[PDB]
file coords22.csv (CSV, C-alpha atoms and all ligand atoms)
chain,number,residue,atom,x,y,z
A,1,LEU,CA,81.1,113.6,-2.8
A,2,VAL,CA,84.8,114.2,-2.0
A,3,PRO,CA,86.7,112.0,-4.5
A,4,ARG,CA,90.0,110.6,-3.6
A,5,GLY,CA,92.5,108.6,-5.6
A,6,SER,CA,95.1,108.0,-2.9
A,7,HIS,CA,95.4,108.3,0.9
A,8,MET,CA,98.2,109.0,3.2
A,9,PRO,CA,99.0,106.3,5.8
A,10,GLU,CA,97.8,108.4,8.8
A,11,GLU,CA,94.4,108.7,7.0
A,12,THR,CA,93.8,105.0,6.7
A,13,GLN,CA,95.4,104.1,10.1
A,14,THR,CA,93.0,101.7,11.8
A,15,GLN,CA,91.4,102.7,15.0
A,16,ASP,CA,93.1,101.1,18.1
A,17,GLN,CA,91.6,98.0,19.5
A,18,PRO,CA,89.8,98.6,22.9
A,19,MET,CA,92.3,99.2,25.7
A,20,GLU,CA,92.6,96.1,28.0
A,21,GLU,CA,92.7,96.2,31.8
A,22,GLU,CA,95.2,94.0,33.5
A,23,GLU,CA,94.6,93.3,37.2
A,24,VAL,CA,97.7,93.6,39.3
A,25,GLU,CA,98.2,92.3,42.9
A,26,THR,CA,101.2,92.9,45.1
A,27,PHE,CA,102.4,90.5,47.7
A,28,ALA,CA,105.1,90.4,50.4
A,29,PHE,CA,107.6,87.6,50.3
A,30,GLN,CA,107.5,85.2,53.2
A,31,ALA,CA,109.9,86.6,55.8
A,32,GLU,CA,112.6,84.0,55.4
A,33,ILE,CA,112.4,84.2,51.6
A,34,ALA,CA,112.9,87.9,51.9
A,35,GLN,CA,115.9,87.4,54.1
A,36,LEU,CA,117.3,84.9,51.7
A,37,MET,CA,116.9,87.2,48.7
A,38,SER,CA,118.7,90.0,50.7
A,39,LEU,CA,121.5,87.7,51.5
A,40,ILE,CA,121.8,86.4,47.8
A,41,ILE,CA,121.7,89.9,46.2
A,42,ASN,CA,124.2,91.6,48.6
A,43,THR,CA,126.9,88.9,49.2
A,44,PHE,CA,129.8,88.1,46.9
A,45,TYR,CA,129.8,84.4,45.7
A,46,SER,CA,132.5,82.9,43.5
A,47,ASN,CA,130.2,80.4,41.6
A,48,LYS,CA,127.3,82.6,40.5
A,49,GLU,CA,126.9,80.7,37.2
A,50,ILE,CA,124.9,78.0,38.9
A,51,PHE,CA,121.7,80.1,38.6
A,52,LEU,CA,121.3,78.7,35.1
A,53,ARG,CA,121.4,75.1,36.3
A,54,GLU,CA,118.6,75.9,38.8
A,55,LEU,CA,116.3,77.5,36.2
A,56,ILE,CA,116.9,74.7,33.7
A,57,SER,CA,116.2,72.1,36.4
A,58,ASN,CA,112.9,73.9,37.1
A,59,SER,CA,112.1,73.8,33.3
A,60,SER,CA,113.0,70.1,33.1
A,61,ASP,CA,110.7,69.3,36.1
A,62,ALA,CA,107.9,71.2,34.3
A,63,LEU,CA,108.5,69.2,31.1
A,64,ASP,CA,108.5,65.9,32.9
A,65,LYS,CA,105.1,66.8,34.3
A,66,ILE,CA,103.7,66.9,30.7
A,67,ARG,CA,104.5,63.2,30.2
A,68,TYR,CA,103.0,62.2,33.5
A,69,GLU,CA,99.9,64.4,33.2
A,70,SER,CA,99.1,62.5,30.1
A,71,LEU,CA,98.4,59.4,32.3
A,72,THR,CA,95.4,61.2,34.0
A,73,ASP,CA,94.7,63.5,31.0
A,74,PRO,CA,95.6,62.0,27.5
A,75,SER,CA,94.7,65.1,25.5
A,76,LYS,CA,98.1,66.6,26.1
A,77,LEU,CA,99.4,63.8,23.8
A,78,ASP,CA,97.5,65.8,21.1
A,79,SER,CA,99.6,68.9,21.5
A,80,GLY,CA,101.9,69.5,18.6
A,81,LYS,CA,104.4,71.5,20.7
A,82,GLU,CA,107.9,70.1,21.1
A,83,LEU,CA,109.0,69.6,24.7
A,84,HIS,CA,112.1,71.7,24.9
A,85,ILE,CA,114.0,74.6,26.4
A,86,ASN,CA,115.2,77.7,24.5
A,87,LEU,CA,117.9,80.1,25.9
A,88,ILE,CA,117.6,83.6,24.5
A,89,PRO,CA,120.2,86.3,25.3
A,90,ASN,CA,119.4,89.8,24.2
A,91,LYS,CA,122.4,92.0,24.2
A,92,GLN,CA,120.4,95.1,23.3
A,93,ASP,CA,118.2,94.8,26.4
A,94,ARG,CA,120.7,93.0,28.6
A,95,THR,CA,118.3,90.2,29.3
A,96,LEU,CA,118.7,86.4,29.3
A,97,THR,CA,115.4,84.5,28.8
A,98,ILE,CA,114.9,80.8,29.7
A,99,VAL,CA,111.8,79.5,27.8
A,100,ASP,CA,110.2,76.1,28.3
A,101,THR,CA,107.1,74.3,27.0
A,102,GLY,CA,106.4,72.7,30.3
A,103,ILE,CA,103.1,72.6,32.2
A,104,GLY,CA,103.2,76.4,33.1
A,105,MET,CA,101.8,77.9,36.2
A,106,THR,CA,98.3,79.2,37.2
A,107,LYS,CA,97.9,82.6,39.0
A,108,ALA,CA,97.7,80.9,42.4
A,109,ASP,CA,100.8,78.7,41.5
A,110,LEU,CA,102.8,81.9,41.0
A,111,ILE,CA,101.6,83.4,44.3
A,112,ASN,CA,102.2,80.3,46.3
A,113,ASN,CA,105.2,78.7,44.6
A,114,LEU,CA,107.2,81.9,43.9
A,115,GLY,CA,107.1,83.8,47.1
A,116,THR,CA,104.4,83.5,49.8
A,117,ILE,CA,104.9,79.9,51.1
A,118,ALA,CA,107.7,79.0,53.3
A,119,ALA,CA,110.3,76.4,52.1
A,120,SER,CA,111.3,74.3,55.1
A,121,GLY,CA,115.0,74.4,54.3
A,122,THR,CA,115.3,78.2,54.0
A,123,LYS,CA,116.6,78.9,57.5
A,124,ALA,CA,119.0,75.9,57.3
A,125,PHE,CA,120.3,77.1,54.0
A,126,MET,CA,121.0,80.6,55.3
A,127,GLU,CA,122.9,79.1,58.2
A,128,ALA,CA,124.9,76.9,55.9
A,129,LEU,CA,125.8,80.0,53.8
A,130,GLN,CA,126.8,81.8,57.1
A,131,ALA,CA,129.2,78.8,57.9
A,132,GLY,CA,130.7,79.3,54.4
A,133,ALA,CA,128.8,76.8,52.2
A,134,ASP,CA,129.0,77.2,48.4
A,135,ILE,CA,126.0,78.9,46.8
A,136,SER,CA,125.7,75.8,44.5
A,137,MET,CA,124.1,74.0,47.5
A,138,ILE,CA,120.9,76.1,47.0
A,139,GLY,CA,118.9,73.7,45.0
A,140,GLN,CA,119.3,71.0,47.6
A,141,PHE,CA,117.4,73.3,50.0
A,142,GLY,CA,114.3,73.8,47.9
A,143,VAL,CA,114.9,77.5,47.1
A,144,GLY,CA,116.9,77.3,43.8
A,145,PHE,CA,114.8,79.7,41.9
A,146,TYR,CA,116.1,82.7,44.0
A,147,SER,CA,119.6,82.0,42.6
A,148,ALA,CA,118.4,84.1,39.7
A,149,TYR,CA,119.2,87.1,41.9
A,150,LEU,CA,122.9,86.3,41.9
A,151,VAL,CA,122.9,87.7,38.3
A,152,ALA,CA,119.6,89.6,37.8
A,153,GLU,CA,118.5,92.9,39.3
A,154,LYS,CA,114.9,92.1,38.2
A,155,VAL,CA,113.2,88.9,37.2
A,156,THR,CA,109.9,88.6,35.2
A,157,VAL,CA,108.2,85.3,34.8
A,158,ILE,CA,105.5,85.0,32.0
A,159,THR,CA,103.6,81.7,32.2
A,160,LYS,CA,100.6,79.9,30.8
A,161,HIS,CA,99.0,76.7,32.2
A,162,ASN,CA,96.2,74.9,30.5
A,163,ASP,CA,93.8,75.6,33.4
A,164,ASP,CA,94.3,79.4,33.6
A,165,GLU,CA,95.0,82.5,31.6
A,166,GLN,CA,98.5,84.0,31.0
A,167,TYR,CA,100.1,85.8,33.9
A,168,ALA,CA,103.3,87.8,34.7
A,169,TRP,CA,105.2,87.6,38.0
A,170,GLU,CA,107.8,90.2,38.6
A,171,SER,CA,110.2,91.3,41.4
A,172,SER,CA,113.2,93.5,41.9
A,173,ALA,CA,113.5,92.1,45.5
A,174,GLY,CA,113.1,94.7,48.3
A,175,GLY,CA,110.5,92.4,49.9
A,176,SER,CA,107.6,92.3,47.4
A,177,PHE,CA,106.5,90.9,44.1
A,178,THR,CA,103.6,91.5,41.8
A,179,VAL,CA,101.4,89.1,39.8
A,180,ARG,CA,99.3,90.5,37.0
A,181,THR,CA,97.2,89.3,34.1
A,182,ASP,CA,99.1,89.4,30.9
A,183,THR,CA,97.1,90.4,27.8
A,184,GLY,CA,100.2,90.8,25.6
A,185,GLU,CA,102.0,88.3,23.3
A,186,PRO,CA,100.4,84.9,24.0
A,187,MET,CA,103.2,82.6,24.7
A,188,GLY,CA,101.3,79.2,24.6
A,189,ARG,CA,101.7,76.7,27.3
A,190,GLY,CA,104.9,76.9,29.4
A,191,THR,CA,107.0,79.4,31.2
A,192,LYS,CA,109.5,82.2,30.2
A,193,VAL,CA,111.9,83.5,32.9
A,194,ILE,CA,113.3,86.9,31.9
A,195,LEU,CA,116.5,87.8,33.7
A,196,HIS,CA,117.3,91.6,33.7
A,197,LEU,CA,121.1,91.2,34.2
A,198,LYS,CA,123.1,93.3,36.6
A,199,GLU,CA,125.7,95.5,34.9
A,200,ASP,CA,128.7,93.4,35.8
A,201,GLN,CA,127.0,90.1,34.9
A,202,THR,CA,126.7,90.6,31.1
A,203,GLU,CA,129.0,87.7,30.5
A,204,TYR,CA,125.8,85.5,30.6
A,205,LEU,CA,124.7,87.1,27.3
A,206,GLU,CA,127.8,85.7,25.5
A,207,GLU,CA,127.2,82.4,23.5
A,208,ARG,CA,130.5,80.8,24.5
A,209,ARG,CA,129.8,81.4,28.2
A,210,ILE,CA,126.3,80.1,28.0
A,211,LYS,CA,127.5,77.0,26.3
A,212,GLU,CA,130.3,76.5,28.8
A,213,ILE,CA,127.9,76.6,31.8
A,214,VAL,CA,125.2,74.3,30.2
A,215,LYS,CA,128.0,71.8,29.5
A,216,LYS,CA,129.4,72.1,33.0
A,217,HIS,CA,126.2,71.9,35.0
A,218,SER,CA,123.2,70.8,32.9
A,219,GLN,CA,124.0,67.6,30.8
A,220,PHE,CA,121.0,65.5,31.9
A,221,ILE,CA,118.1,67.8,31.0
A,222,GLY,CA,116.3,65.0,29.2
A,223,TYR,CA,114.9,67.4,26.5
A,224,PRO,CA,116.5,69.4,23.7
A,225,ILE,CA,117.9,72.7,24.7
A,226,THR,CA,118.7,75.4,22.1
A,227,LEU,CA,120.6,78.6,22.3
A,228,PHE,CA,119.4,81.4,20.1
A,229,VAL,CA,122.2,83.7,19.0
A,230,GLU,CA,121.4,87.2,17.5
A,231,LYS,CA,123.4,87.6,14.3
A,232,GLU,CA,126.1,90.3,14.7
A,233,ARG,CA,125.3,93.2,12.5
B,301,LIG,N1,109.8,76.8,34.6
B,301,LIG,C1,108.9,76.5,35.5
B,301,LIG,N2,107.8,75.9,35.1
B,301,LIG,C2,106.8,75.6,36.0
B,301,LIG,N3,106.9,75.8,37.3
B,301,LIG,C3,108.0,76.5,37.8
B,301,LIG,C4,109.0,76.9,36.9
B,301,LIG,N4,110.0,77.5,37.6
B,301,LIG,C5,109.6,77.5,38.9
B,301,LIG,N5,108.4,76.9,39.0
B,301,LIG,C6,107.6,76.6,40.2
B,301,LIG,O1,108.3,77.2,41.2
B,301,LIG,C7,108.6,76.3,42.3
B,301,LIG,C8,109.9,76.5,43.0
B,301,LIG,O2,110.0,75.4,43.9
B,301,LIG,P1,109.9,73.9,43.3
B,301,LIG,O3,111.1,73.6,42.5
B,301,LIG,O4,109.6,72.9,44.4
B,301,LIG,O5,108.6,73.9,42.4
B,301,LIG,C9,108.7,75.0,41.5
B,301,LIG,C10,107.5,75.1,40.5
B,301,LIG,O6,106.3,74.8,41.2
B,302,MG,MG,113.6,69.8,43.1
B,303,MG,MG,115.5,64.8,35.1

call {"tool": "encode", "arguments": {"input": "coords22.csv", "output": "structure tokens"}}
result
Amino acid sequence: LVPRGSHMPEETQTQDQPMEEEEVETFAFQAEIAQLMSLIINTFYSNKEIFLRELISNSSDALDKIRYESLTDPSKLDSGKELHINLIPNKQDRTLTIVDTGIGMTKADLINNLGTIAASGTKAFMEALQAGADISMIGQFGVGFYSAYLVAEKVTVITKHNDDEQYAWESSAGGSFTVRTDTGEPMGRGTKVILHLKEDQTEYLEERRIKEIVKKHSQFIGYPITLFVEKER
């Protein structure tokens, strides 16, 4: 009744998909973890570059788990995903992302493994730091992940395990973290740790620096690692 030969883009713009709800929960760090994070963030250390070794070690442990889980669950052999790590600096956003195709984490794994449960070595490690230990000793005390706060003001962890949905963990320290369901970009099995770098820590976006610290500290990953470099415009 109202003939048309051509429409403007706004006229044929599709209706939005239904808005999704994401459930968010907020948790306090275990008291000694909170102490540790306050000590890490607010103290000068000479050797901050070991954060990357700690996050790559976590990824390598998650990748090893794939191989062994196949002994009680052979279907993982059928995945076509390569077992690998990618490092992804974004100079536009000032973030460094460590991506793996390991086993991932469930929601309860994020809550229990990344903040609420005591690590037995945490008090000993804070005393070793007081007595002048090098921050590099952190992984030997079972709290390596929190080294990310040597260089990052905020950390976001996106993760997907076969036995659960995709979740995001996030914390800017200050004593709390959040876990929420993540209905955004499905990432497939594995974990992405997104470091929001502090203003004076932007050297960890540079490709030569990243290659230097991988070669110095992470030579026995056991899986291919790949550094994605944004082409300079
Ligand atoms: N990349 C990752 N993939 C899977 N789990 C992780 C990752 N990073 C940290 N974690 C979990 O966080 C925990 C930190 O302490 P652990 O190294 O004992 O065990 C670690 C894993 O359970
Ligand atoms: Mg370990
Ligand atoms: Mg190994």

call {"tool": "residues_around", "arguments": {"input": "coords22.csv", "residues": "residue 89 (chain A)", "least_positions_apart": "4", "cutoff": "8 Å", "atoms": "only C-alpha atoms", "output": "list in words"}}
result
residues 94, 95, 96, 97, 204, 205, 206, 228, 229 and 230 of chain A

call {"tool": "residues_near_ligand", "arguments": {"input": "coords22.csv", "ligand": "ligand MG 302 (chain B)", "cutoff": "12 Å", "atoms": "all atoms listed in the file", "output": "mmCIF file with C-alpha atoms, keeping the file's coordinate frame"}}
result
data_model
loop_
_atom_site.group_PDB
_atom_site.id
_atom_site.type_symbol
_atom_site.label_atom_id
_atom_site.label_comp_id
_atom_site.auth_asym_id
_atom_site.auth_seq_id
_atom_site.Cartn_x
_atom_site.Cartn_y
_atom_site.Cartn_z
ATOM 1 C CA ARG A 53 121.400 75.100 36.300
ATOM 2 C CA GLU A 54 118.600 75.900 38.800
ATOM 3 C CA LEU A 55 116.300 77.500 36.200
ATOM 4 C CA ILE A 56 116.900 74.700 33.700
ATOM 5 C CA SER A 57 116.200 72.100 36.400
ATOM 6 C CA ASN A 58 112.900 73.900 37.100
ATOM 7 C CA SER A 59 112.100 73.800 33.300
ATOM 8 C CA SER A 60 113.000 70.100 33.100
ATOM 9 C CA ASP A 61 110.700 69.300 36.100
ATOM 10 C CA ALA A 62 107.900 71.200 34.300
ATOM 11 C CA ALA A 119 110.300 76.400 52.100
ATOM 12 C CA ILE A 138 120.900 76.100 47.000
ATOM 13 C CA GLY A 139 118.900 73.700 45.000
ATOM 14 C CA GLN A 140 119.300 71.000 47.600
ATOM 15 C CA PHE A 141 117.400 73.300 50.000
ATOM 16 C CA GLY A 142 114.300 73.800 47.900
ATOM 17 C CA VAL A 143 114.900 77.500 47.100
ATOM 18 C CA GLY A 144 116.900 77.300 43.800
ATOM 19 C CA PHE A 145 114.800 79.700 41.900
#

call {"tool": "residues_around", "arguments": {"input": "coords22.csv", "residues": "residue 118 (chain A)", "least_positions_apart": "4", "cutoff": "12 Å", "atoms": "only C-alpha atoms", "output": "ChimeraX atom specification"}}
result
/A:29-36,111-114,122-123,141-143

call {"tool": "atom_distance", "arguments": {"input": "coords22.csv", "atom1": "CA of residue 190 (chain A)", "atom2": "CA of residue 101 (chain A)"}}
result
4.2 Å

call {"tool": "closest_residue", "arguments": {"input": "coords22.csv", "among": "A:4, A:211, A:65, A:154", "to": "ligand MG 303 (chain B)", "atoms": "all atoms listed in the file"}}
result
A:65

call {"tool": "atom_distance", "arguments": {"input": "coords22.csv", "atom1": "atom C9 of ligand LIG 301 (chain B)", "atom2": "CA of residue 121 (chain A)"}}
result
14.3 Å

call {"tool": "closest_residue", "arguments": {"input": "coords22.csv", "among": "A:217, A:160, A:48, A:67", "to": "ligand LIG 301 (chain B)", "atoms": "all atoms listed in the file"}}
result
A:160

call {"tool": "axis_aligned_box", "arguments": {"input": "coords22.csv", "around": "region 88-102 of chain A", "padding_each_side": "8 Å", "output": "AutoDock Vina command-line options"}}
result
--center_x 114.4 --center_y 83.9 --center_z 26.8 --size_x 32.0 --size_y 38.4 --size_z 23.0

call {"tool": "closest_residue", "arguments": {"input": "coords22.csv", "among": "A:197, A:176, A:64, A:22", "to": "ligand MG 303 (chain B)", "atoms": "all atoms listed in the file"}}
result
A:64

call {"tool": "decode", "arguments": {"input": "coords22.csv", "residues": "region 100-231 of chain A", "atoms": "C-alpha atoms", "output": "PDB file, in the first residue's frame"}}
result
ATOM      1  CA  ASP A 100      45.450 -20.430  27.124  1.00  0.00           C
ATOM      2  CA  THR A 101      43.446 -23.428  25.909  1.00  0.00           C
ATOM      3  CA  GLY A 102      43.837 -25.267  29.219  1.00  0.00           C
ATOM      4  CA  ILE A 103      41.074 -26.841  31.284  1.00  0.00           C
ATOM      5  CA  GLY A 104      39.540 -23.517  32.342  1.00  0.00           C
ATOM      6  CA  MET A 105      37.808 -22.842  35.675  1.00  0.00           C
ATOM      7  CA  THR A 106      34.232 -23.347  36.893  1.00  0.00           C
ATOM      8  CA  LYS A 107      32.468 -20.569  38.888  1.00  0.00           C
ATOM      9  CA  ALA A 108      33.308 -22.271  42.192  1.00  0.00           C
ATOM     10  CA  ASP A 109      36.925 -22.741  41.034  1.00  0.00           C
ATOM     11  CA  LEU A 110      37.185 -18.972  40.548  1.00  0.00           C
ATOM     12  CA  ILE A 111      35.714 -18.263  44.001  1.00  0.00           C
ATOM     13  CA  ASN A 112      37.872 -20.837  45.819  1.00  0.00           C
ATOM     14  CA  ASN A 113      41.119 -20.787  43.842  1.00  0.00           C
ATOM     15  CA  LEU A 114      41.366 -16.996  43.232  1.00  0.00           C
ATOM     16  CA  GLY A 115      40.703 -15.449  46.565  1.00  0.00           C
ATOM     17  CA  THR A 116      38.590 -17.008  49.334  1.00  0.00           C
ATOM     18  CA  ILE A 117      40.774 -19.978  50.389  1.00  0.00           C
ATOM     19  CA  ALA A 118      43.895 -19.514  52.426  1.00  0.00           C
ATOM     20  CA  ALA A 119      47.251 -20.611  50.911  1.00  0.00           C
ATOM     21  CA  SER A 120      49.342 -22.109  53.739  1.00  0.00           C
ATOM     22  CA  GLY A 121      52.503 -20.269  52.667  1.00  0.00           C
ATOM     23  CA  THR A 122      51.018 -16.774  52.561  1.00  0.00           C
ATOM     24  CA  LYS A 123      52.165 -15.626  56.036  1.00  0.00           C
ATOM     25  CA  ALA A 124      55.600 -17.169  55.571  1.00  0.00           C
ATOM     26  CA  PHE A 125      55.987 -15.390  52.255  1.00  0.00           C
ATOM     27  CA  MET A 126      55.035 -12.026  53.704  1.00  0.00           C
ATOM     28  CA  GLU A 127      57.668 -12.516  56.395  1.00  0.00           C
ATOM     29  CA  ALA A 128      60.279 -13.530  53.803  1.00  0.00           C
ATOM     30  CA  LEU A 129      59.477 -10.279  51.908  1.00  0.00           C
ATOM     31  CA  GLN A 130      59.836  -8.330  55.160  1.00  0.00           C
ATOM     32  CA  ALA A 131      63.286  -9.880  55.655  1.00  0.00           C
ATOM     33  CA  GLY A 132      64.197  -8.665  52.093  1.00  0.00           C
ATOM     34  CA  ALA A 133      63.414 -11.712  49.877  1.00  0.00           C
ATOM     35  CA  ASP A 134      63.187 -11.190  46.106  1.00  0.00           C
ATOM     36  CA  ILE A 135      59.579 -11.057  44.801  1.00  0.00           C
ATOM     37  CA  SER A 136      60.605 -13.869  42.405  1.00  0.00           C
ATOM     38  CA  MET A 137      60.226 -16.318  45.339  1.00  0.00           C
ATOM     39  CA  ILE A 138      56.432 -15.863  45.189  1.00  0.00           C
ATOM     40  CA  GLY A 139      55.589 -18.892  43.151  1.00  0.00           C
ATOM     41  CA  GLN A 140      57.369 -21.203  45.568  1.00  0.00           C
ATOM     42  CA  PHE A 141      54.833 -20.070  48.255  1.00  0.00           C
ATOM     43  CA  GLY A 142      51.705 -20.961  46.280  1.00  0.00           C
ATOM     44  CA  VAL A 143      50.448 -17.373  45.710  1.00  0.00           C
ATOM     45  CA  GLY A 144      52.070 -16.630  42.326  1.00  0.00           C
ATOM     46  CA  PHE A 145      48.926 -15.362  40.674  1.00  0.00           C
ATOM     47  CA  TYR A 146      48.874 -12.223  42.805  1.00  0.00           C
ATOM     48  CA  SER A 147      52.174 -11.127  41.219  1.00  0.00           C
ATOM     49  CA  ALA A 148      49.917  -9.781  38.461  1.00  0.00           C
ATOM     50  CA  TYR A 149      49.412  -6.774  40.833  1.00  0.00           C
ATOM     51  CA  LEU A 150      53.047  -5.808  40.495  1.00  0.00           C
ATOM     52  CA  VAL A 151      52.159  -4.422  37.028  1.00  0.00           C
ATOM     53  CA  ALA A 152      48.349  -4.335  36.871  1.00  0.00           C
ATOM     54  CA  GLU A 153      45.937  -1.971  38.593  1.00  0.00           C
ATOM     55  CA  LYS A 154      43.013  -4.253  37.677  1.00  0.00           C
ATOM     56  CA  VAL A 155      42.917  -7.917  36.577  1.00  0.00           C
ATOM     57  CA  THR A 156      39.986  -9.592  34.779  1.00  0.00           C
ATOM     58  CA  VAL A 157      39.939 -13.364  34.271  1.00  0.00           C
ATOM     59  CA  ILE A 158      37.532 -14.794  31.650  1.00  0.00           C
ATOM     60  CA  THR A 159      37.300 -18.568  31.787  1.00  0.00           C
ATOM     61  CA  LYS A 160      35.351 -21.522  30.449  1.00  0.00           C
ATOM     62  CA  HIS A 161      35.556 -25.118  31.722  1.00  0.00           C
ATOM     63  CA  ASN A 162      33.788 -28.060  30.118  1.00  0.00           C
ATOM     64  CA  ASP A 163      31.623 -28.573  33.222  1.00  0.00           C
ATOM     65  CA  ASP A 164      30.289 -25.012  33.566  1.00  0.00           C
ATOM     66  CA  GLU A 165      29.350 -21.809  31.750  1.00  0.00           C
ATOM     67  CA  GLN A 166      31.669 -18.865  30.970  1.00  0.00           C
ATOM     68  CA  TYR A 167      32.526 -16.625  33.920  1.00  0.00           C
ATOM     69  CA  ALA A 168      34.461 -13.429  34.590  1.00  0.00           C
ATOM     70  CA  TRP A 169      36.463 -12.772  37.797  1.00  0.00           C
ATOM     71  CA  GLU A 170      37.672  -9.234  38.409  1.00  0.00           C
ATOM     72  CA  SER A 171      39.456  -7.253  41.094  1.00  0.00           C
ATOM     73  CA  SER A 172      41.166  -3.912  41.550  1.00  0.00           C
ATOM     74  CA  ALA A 173      42.351  -5.046  44.972  1.00  0.00           C
ATOM     75  CA  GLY A 174      41.072  -3.070  47.932  1.00  0.00           C
ATOM     76  CA  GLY A 175      39.916  -6.279  49.623  1.00  0.00           C
ATOM     77  CA  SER A 176      37.199  -7.658  47.283  1.00  0.00           C
ATOM     78  CA  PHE A 177      36.642  -9.346  43.953  1.00  0.00           C
ATOM     79  CA  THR A 178      33.610 -10.137  41.839  1.00  0.00           C
ATOM     80  CA  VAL A 179      32.546 -13.232  39.877  1.00  0.00           C
ATOM     81  CA  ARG A 180      29.875 -12.941  37.252  1.00  0.00           C
ATOM     82  CA  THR A 181      28.322 -14.919  34.469  1.00  0.00           C
ATOM     83  CA  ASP A 182      29.720 -13.821  31.149  1.00  0.00           C
ATOM     84  CA  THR A 183      27.248 -13.846  28.247  1.00  0.00           C
ATOM     85  CA  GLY A 184      29.640 -11.937  25.927  1.00  0.00           C
ATOM     86  CA  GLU A 185      32.145 -13.263  23.332  1.00  0.00           C
ATOM     87  CA  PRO A 186      32.381 -17.073  23.955  1.00  0.00           C
ATOM     88  CA  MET A 187      35.975 -17.871  24.357  1.00  0.00           C
ATOM     89  CA  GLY A 188      35.832 -21.669  24.185  1.00  0.00           C
ATOM     90  CA  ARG A 189      37.605 -23.828  26.712  1.00  0.00           C
ATOM     91  CA  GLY A 190      40.446 -22.190  28.614  1.00  0.00           C
ATOM     92  CA  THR A 191      41.356 -18.987  30.413  1.00  0.00           C
ATOM     93  CA  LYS A 192      42.175 -15.392  29.467  1.00  0.00           C
ATOM     94  CA  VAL A 193      43.899 -13.201  32.097  1.00  0.00           C
ATOM     95  CA  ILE A 194      43.536  -9.508  31.156  1.00  0.00           C
ATOM     96  CA  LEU A 195      46.068  -7.229  32.875  1.00  0.00           C
ATOM     97  CA  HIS A 196      45.070  -3.520  33.001  1.00  0.00           C
ATOM     98  CA  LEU A 197      48.579  -2.137  33.266  1.00  0.00           C
ATOM     99  CA  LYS A 198      49.632   0.658  35.617  1.00  0.00           C
ATOM    100  CA  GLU A 199      50.741   3.831  33.868  1.00  0.00           C
ATOM    101  CA  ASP A 200      54.444   3.251  34.555  1.00  0.00           C
ATOM    102  CA  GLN A 201      54.355  -0.409  33.558  1.00  0.00           C
ATOM    103  CA  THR A 202      53.614   0.049  29.786  1.00  0.00           C
ATOM    104  CA  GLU A 203      56.939  -1.515  28.871  1.00  0.00           C
ATOM    105  CA  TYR A 204      55.093  -4.886  29.046  1.00  0.00           C
ATOM    106  CA  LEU A 205      53.150  -3.921  25.901  1.00  0.00           C
ATOM    107  CA  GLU A 206      56.363  -3.757  23.874  1.00  0.00           C
ATOM    108  CA  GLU A 207      57.220  -6.802  21.774  1.00  0.00           C
ATOM    109  CA  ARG A 208      61.007  -6.796  22.462  1.00  0.00           C
ATOM    110  CA  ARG A 209      60.370  -6.595  26.245  1.00  0.00           C
ATOM    111  CA  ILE A 210      57.857  -9.409  26.156  1.00  0.00           C
ATOM    112  CA  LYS A 211      60.209 -11.572  24.147  1.00  0.00           C
ATOM    113  CA  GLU A 212      63.045 -10.759  26.545  1.00  0.00           C
ATOM    114  CA  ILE A 213      61.116 -11.876  29.666  1.00  0.00           C
ATOM    115  CA  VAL A 214      59.710 -15.047  28.030  1.00  0.00           C
ATOM    116  CA  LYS A 215      63.249 -16.048  27.020  1.00  0.00           C
ATOM    117  CA  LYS A 216      64.696 -15.176  30.465  1.00  0.00           C
ATOM    118  CA  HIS A 217      62.063 -16.886  32.633  1.00  0.00           C
ATOM    119  CA  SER A 218      59.722 -19.175  30.674  1.00  0.00           C
ATOM    120  CA  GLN A 219      61.728 -21.583  28.407  1.00  0.00           C
ATOM    121  CA  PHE A 220      60.126 -24.864  29.532  1.00  0.00           C
ATOM    122  CA  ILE A 221      56.431 -24.146  28.935  1.00  0.00           C
ATOM    123  CA  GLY A 222      56.015 -27.450  27.078  1.00  0.00           C
ATOM    124  CA  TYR A 223      53.450 -25.911  24.650  1.00  0.00           C
ATOM    125  CA  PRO A 224      53.731 -23.368  21.837  1.00  0.00           C
ATOM    126  CA  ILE A 225      53.526 -19.742  22.891  1.00  0.00           C
ATOM    127  CA  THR A 226      52.789 -17.020  20.412  1.00  0.00           C
ATOM    128  CA  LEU A 227      53.029 -13.226  20.678  1.00  0.00           C
ATOM    129  CA  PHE A 228      50.483 -11.241  18.719  1.00  0.00           C
ATOM    130  CA  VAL A 229      51.825  -7.897  17.613  1.00  0.00           C
ATOM    131  CA  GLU A 230      49.398  -5.165  16.403  1.00  0.00           C
ATOM    132  CA  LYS A 231      50.721  -3.797  13.088  1.00  0.00           C
TER     133      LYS A 231
END
